[PDB]
Every structure is written in structure tokens, then in C-alpha cells.
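Chemist: One structure, pasted below without further comment.
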Amino acid sequence: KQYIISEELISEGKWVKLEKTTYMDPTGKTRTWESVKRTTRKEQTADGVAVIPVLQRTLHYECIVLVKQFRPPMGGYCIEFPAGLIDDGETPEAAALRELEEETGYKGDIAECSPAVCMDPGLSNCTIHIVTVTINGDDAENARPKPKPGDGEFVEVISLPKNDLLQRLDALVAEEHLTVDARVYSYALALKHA
Amino acid sequence: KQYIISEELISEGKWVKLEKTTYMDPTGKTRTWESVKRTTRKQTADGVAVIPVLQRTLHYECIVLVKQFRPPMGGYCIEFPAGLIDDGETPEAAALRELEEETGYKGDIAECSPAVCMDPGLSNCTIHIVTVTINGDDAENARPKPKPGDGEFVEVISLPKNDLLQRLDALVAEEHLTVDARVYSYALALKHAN
Ligand SMILES: Cn1cc(C(N)=O)c([C@@H]2CCCNC2)n1
Ligand SMILES: [Cl-]
Ligand SMILES: [Mg+2]
Ligand SMILES: [Mg+2]
Ligand SMILES: [Mg+2]
Ligand SMILES: [Mg+2]
């Protein structure tokens, strides 16, 4: 029933733009929407990837590997799945493994890869693939993981047991000013609800 | 170590603005970031998203989701019931109201997250994730009456909690819908638990 009629630029930055979207509603009335988009998406199936990295080690409980970074939009530190934008020509899987190694030092193995999912669909067109990766923490390549950050990347690694994820995130929120990412919190809630 | 130095307004709409954020990197070099904010926050957070657990005896437990056309996406999305928090509203209250308006269900609060970030590399947007159970055997929920605001056009899709990720994938495959990142994350963790 509903479809896009027109998209008009309001403001284009180097990385992010604001558009006036005109669309058809299901009464048959025309309406507008203020919409955010990145300037960086080309042929990618999505803007980015986020990695759910399952650290596995004999006689350890499974951990979820997260990252803590300053996020200028938020004006503070956030705890998130490792994530980055997909380079032009790069597959989602390659992007996930690369970003995981850059941000955490770990060399993972692909488990599964989602379809493109929407980040905040009332605000933006931004999409990611959520890629689940296992990390064999018994491999000597994953013994001494060193983050390889790029220019302007400054990432701390935080590994938390899957079997207590939500409480451990709450204990970090209670101990410093920081925000947990919604996808991470969602994942931690479902682990409790199951 | 890192902190905001200043913001430069690029472009303000009615609903959304684009800023250029100047910040101190951890090495003492001054850096810039293009950031999006909503104009509507007072509030604990921008919005709520409701995880509604529909509980009917002798039936599978279901998660209640909404399908809506999203003008920034140019298509239909599958999401948790959700909306912005009114000035004066507590998140719990917003959650119960948004749930009722969007699905017709009347729910009881189970738990409420702290403010969590939606897309922290892009925006400052935050929500409370509010877990709510719906006693589906209760007379008030026998004929759930979804009460839209002006311009809202919401289908209700209840999916069994035990097969959630497979059922979401089936919808994407069959229907050209985008599933929400927090919905997908939650569905993933349901399968990953234990
Ligand atoms: C919103 N945003 C995304 C990017 C990016 N392309 O990684 C940026 C810039 C990149 C150049 C240095 N400062 C940050 N801003
Ligand atoms: Cl529950
Ligand atoms: Mg990143
Ligand atoms: Mg990166
Ligand atoms: Mg809504
Ligand atoms: Mg609503």
C-alpha cells in the first residue's frame, strides 16, 4: 500500500545527510518524513556489520566479546558489539572478521550472517548485517589478542560470560558513566528470558 | 580521556538535526564527527521499545511485533512496539501506552532497562527496553483494540518465542521486509542461549 514518492536533500555532510521524504499513506494521502542517511553506501547490502563474537575456550564458560569506545554523538563511552562499515567490494563476512580483528585482536570463524537489519528505521535508512562469529580461544593466534586500531580508533575490549551477561552489563553501568548498546542489551535480555 | 569540546549546528529540521561535533581524542588531538540528534528530548531517553511476551495457556508463548512502512527505509519493517516518551511520562507508562496504541494489548511491566543507545556512531538516540507480559487469557485482551495516532498504520504480527529467528527469516525471505536490529538480536540470543 505505502511507497516513496520523492526524496529531497535538505543538508549533505561528508558522512551523513538529512532528506525530506514524501510518501503515500494507506488512506491515499501524501505525507512527509525527515530522514537520515549515510553518504557512504554504494553497492553494499548494508551500511555496516556488527559482530556477535562468541569466545570459546576449553573449561571456560563461553564469553561475548564487546568493545568500549568514546562515541562523539553520545558524548561519552558506549559498550557495543564490535562493528564497522563495510568497505566497497567487501562482503559482510569479510567486514565482520576484519573489524573483529582490528577492534579486539581476535581471529574469528564465521558462524552465521543475518540479512540486512535496520538500525533505527524511524530515523534513518541505516542497516547492518549481524554476523555471529566463534573465536577459538585455545588457538595460539588468539592467545595474545592485540587490537589493531586505525587512525582515530581507540578501543577497549570487554569479554563477559554469556551465562551472566545482563547482570554483568548492569554491574558495569552501575560502576561508571557509560551506555550499553540496545542490540547488546536485547541480546542479553533474550539470554535471560531463555 | 575523551570528551566533547563543542558542537556546530549544521542543519535543524522540525524532528531531526545534523551537528558537527569537535572532540578530544585520547592522544590529545582534536577531531571532528558528524552526528545526528532528535529535537524532541526533554527525559530519561528518547523512546521506549516494548518486548511484549504474549502468554496464553495451552499455546506457545509469542512475542508481539509490529509491521509498519518506514519512510527512511522506503519499505516495511518488523519491530518491537515502540514510540517516543511524552514529556511527563515515565518509561514504564510510555511502554504500556505504546503497546496498547500499537497492538491493543494491555500489559504488565516485567522489567525496564536503563537508557541504551540506538546507533552511537551516528546519533545520540536512546531508548528504554521494557519487557512486558500480556495475559492473553484475560477478557481485556480477548479482542485487542489497536488505537493509532494520526498517520500511524500498524499491523500486528505475533510470533512464537521458541522459533522466533526461523520465523523472522521466513518473513524476510517471503515478503521483502526488514527486521529491526534489536528484534533480530533478541531472536539470535534466544537460539544461542545455553
Ligand atoms: C559520522 N561519521 C562517520 C565517519 C567515518 N567516515 O568514519 C566520520 C568522520 C571520518 C573522518 C574523521 N572524523 C570522523 N563521521
Ligand atoms: Cl518474560
Ligand atoms: Mg567500529
Ligand atoms: Mg573499526
Ligand atoms: Mg511506533
Ligand atoms: Mg505509538
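Chains A and B are the protein sequences, given in the same order. The numbering of the first sequence is my numbering, which starts it at 1 and goes up by one. The numbering of the second sequence is my numbering, which starts it at 1 and goes up by one. Don't be surprised by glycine CBs; every beta carbon is placed ideally from N, CA and C.
1) May I ask whether a heavy atom of ligand 1 can be found less than 7 Å away from the beta carbon of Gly150/A?
2) Quick check on DSSP: helix, strand or coil for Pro91/B?
3) List, in order along the chain, the chain B residues whose C-beta lies closer than 8 Å to that of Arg98/A?
4) Can you tell me whether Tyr105/B is buried or exposed, with buried defined as 16 or more other CB within 10 angstroms of its CB?
5) Does DSSP put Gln43/B in a helix, in a strand, or in coil?
6) For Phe81/A, is the classification buried or exposed, using 16 other Cβ atoms within 10 angstroms of its Cβ as the cut-off for buried?
7) Could you give the distance in angstroms between the alpha-carbon of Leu123/A and the alpha-carbon of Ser186/A?
8) Check the Cβ-Cβ distances between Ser185/B and every residue of chain A, and say whether any is below 8 Å.
9) Are the CB atoms of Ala110/B and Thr131/B nearer to each other than 8 Å?
10) Might you give, ordered along the chain, the residues of its own chain that have their beta carbon closer than 7 Å to the beta carbon of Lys37/B, omitting 5 neighbours on each side?
11) Scan the stretch 29 to 53 of chain B for residues whose Cβ lies nearer than 8 Å to a Cβ of chain A and list them as they occur along the chain.
12) Indicate the three-state DSSP secondary structure (helix, strand or coil) for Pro161/A in the structure shown.
13) Give me the Cα-Cα distance between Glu34/B and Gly13/A, rounded to the nearest whole angstrom.
14) Do three or more CB pairs link the stretch 149 to 169 of chain A to the stretch 150 to 160 of chain B at distances below 8 Å?
15) Quick one: which chain B residues come within Cβ less than 8 Å of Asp181/A?
16) Per DSSP, what are the beta-bridge partners of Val154/B in this structure?
17) Can you check whether the C-beta of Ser114/A is within less than 8 Å of a C-beta belonging to chain B?
18) Could you list the residues in the stretch 53 to 86 of chain A with a C-beta less than 7 Å from some C-beta on chain B, going in chain order?
19) Pop quiz: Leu55/A and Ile135/A are said to be a contact at Cβ under 8 Å. What is the actual Cβ separation, rounded to whole angstroms?
20) Check distances from the C-beta atoms of the stretch 129 to 145 of chain A to those of chain B and list, in chain order, the residues that come in under 9 Å.
21) Whole angstroms are fine: how far does the CA of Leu166/A sit from the CA of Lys192/A?
22) Alpha carbon to alpha carbon, how far is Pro144/B from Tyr60/B?
23) Out of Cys78/A, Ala174/A, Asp170/A and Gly137/A, which has the shortest C-alpha to C-alpha gap to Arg57/A?
24) Can you list the residues near ligand 5, meaning Cβ strictly closer than 5 Å to any non-hydrogen atom, in the order they appear in the chain?
25) So what's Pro53/A in DSSP terms, helix, strand or just coil?
26) Just checking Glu93/A against ligand 3 - is the residue's beta carbon closer than 7 Å to any of the ligand's heavy atoms?
27) Sorry if obvious, but does the Cβ on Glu175/B come closer than 7 Å to a heavy atom of ligand 6?
28) Below 7 Å, is the gap between the Cβ of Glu102/B and the nearest heavy atom of ligand 6?
Modeler: Quick look at the numbers:
1) Taking the first sequence and counting its residues from 1, the one referred to as residue 150/A is at position 150. Checking the Cβ of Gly150/A against ligand 1 gives no.
2) Walking along the second sequence from the start, residue 91/B turns up at place 91. Reduced to three states, the DSSP call for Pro91/B is helix.
3) Working through the first sequence from its first residue, we reach residue 98/A at position 98. By Cβ distance, chain B contributes nothing, its closest Cβ being about 17 Å from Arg98/A, past 8 Å.
4) Counting from 1 along the second sequence, the entry for residue 105/B is found at position 105. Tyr105/B comes out buried.
5) Mapped onto the second sequence, residue 43/B falls at position 43. Note: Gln43/B maps to coil in three-state DSSP.
6) Translated into positions along the first sequence, residue 81/A becomes position 81. Answer is buried; the Cβ neighbour count reaches 16.
7) Translated into positions along the first sequence, residue 123/A becomes position 123. Translated into positions along the first sequence, residue 186/A becomes position 186. Their Cα atoms are separated by approximately 19 Å.
8) Within the second sequence, residue 185/B is the residue found at index 185, counting from 1. Answer yes: the Cβ-Cβ gap between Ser185/B and chain A drops below 8 Å somewhere.
9) The residue you call residue 110/B lines up with position 110 of the second sequence. The residue you call residue 131/B lines up with position 131 of the second sequence. The answer is yes: Cβ separation under 8 Å.
10) Along the second sequence, read from residue 1 onward, the residue named residue 37/B stands at position 37. Excluding positions up to five away in sequence, the list reads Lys17, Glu19, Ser123 and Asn124.
11) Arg31, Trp33, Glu34, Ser35, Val36, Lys37, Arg38, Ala49, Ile51 and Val53
12) Indexing the first sequence from 1 puts residue 161/A at position 161. DSSP places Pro161/A in strand when its eight states are reduced to three.
13) For the purposes of this step, residue 34/B is identified with residue 34 of the second sequence, where counting begins at 1. For the purposes of this step, residue 13/A is identified with residue 13 of the first sequence, where counting begins at 1. Computed Cα separation, rounded: 7 Å.
14) Contact between the stretch 149 to 169 of chain A and the stretch 150 to 160 of chain B is absent, with fewer than three C-beta pairs closer than 8 Å.
15) Here residue 181/A refers to the residue found at position 181 when the first sequence is read from its first residue. Ordered by position in chain B, the residues that pass the 8 Å Cβ test against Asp181/A are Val116, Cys117 and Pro120.
16) Here residue 154/B corresponds to residue number 154 of the second sequence, with the count starting at 1. According to DSSP, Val154/B bridges with nothing at all.
17) Residue 114/A sits at position 114 when you count from the first residue of the first sequence. Chain B contact via Cβ: present.
18) Within the stretch 53 to 86 of chain A, the qualifying residues are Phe70, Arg71, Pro72, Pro73, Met74, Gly75, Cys78 and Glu80.
19) Translated into the one-based positions of the first sequence, residue 55/A becomes position 55. Translated into the one-based positions of the first sequence, residue 135/A becomes position 135. The Cβ separation is near 5 Å, so the contact holds.
20) From the stretch 129 to 145 of chain A, only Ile130 and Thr132 have a Cβ closer than 9 Å to chain B.
21) Along the first sequence, read from residue 1 onward, the residue named residue 192/A stands at position 192. Along the first sequence, read from residue 1 onward, the residue named residue 166/A stands at position 166. For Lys192/A and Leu166/A, the distance between alpha carbons rounds to 7 Å.
22) Within the second sequence, the letter at position 144 stands for residue 144/B. Within the second sequence, the letter at position 60 stands for residue 60/B. C-alpha separation (whole angstroms): 18 Å.
23) Position 57 of the first sequence, counted from the first residue, corresponds to residue 57/A. Per the Cα distances, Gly137/A.
24) Those residues that bring their Cβ nearer than 5 Å to a heavy atom of ligand 5 are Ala82/B and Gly83/B.
25) On the first sequence, residue 53/A is found 53 positions in, with the first residue counted as 1. DSSP places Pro53/A in strand when its eight states are reduced to three.
26) Taking the first residue of the first sequence as 1, we reach residue 93/A at position 93. Result no, Cβ not under 7 Å from ligand 3.
27) Against the second sequence, residue 175/B aligns to sequence position 175. Every heavy atom of ligand 6 is 7 Å or more from the Cβ of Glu175/B, so no.
28) One-based indexing of the second sequence puts residue 102/B at position 102. A heavy atom of ligand 6 is found nearer than 7 Å to the CB of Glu102/B.
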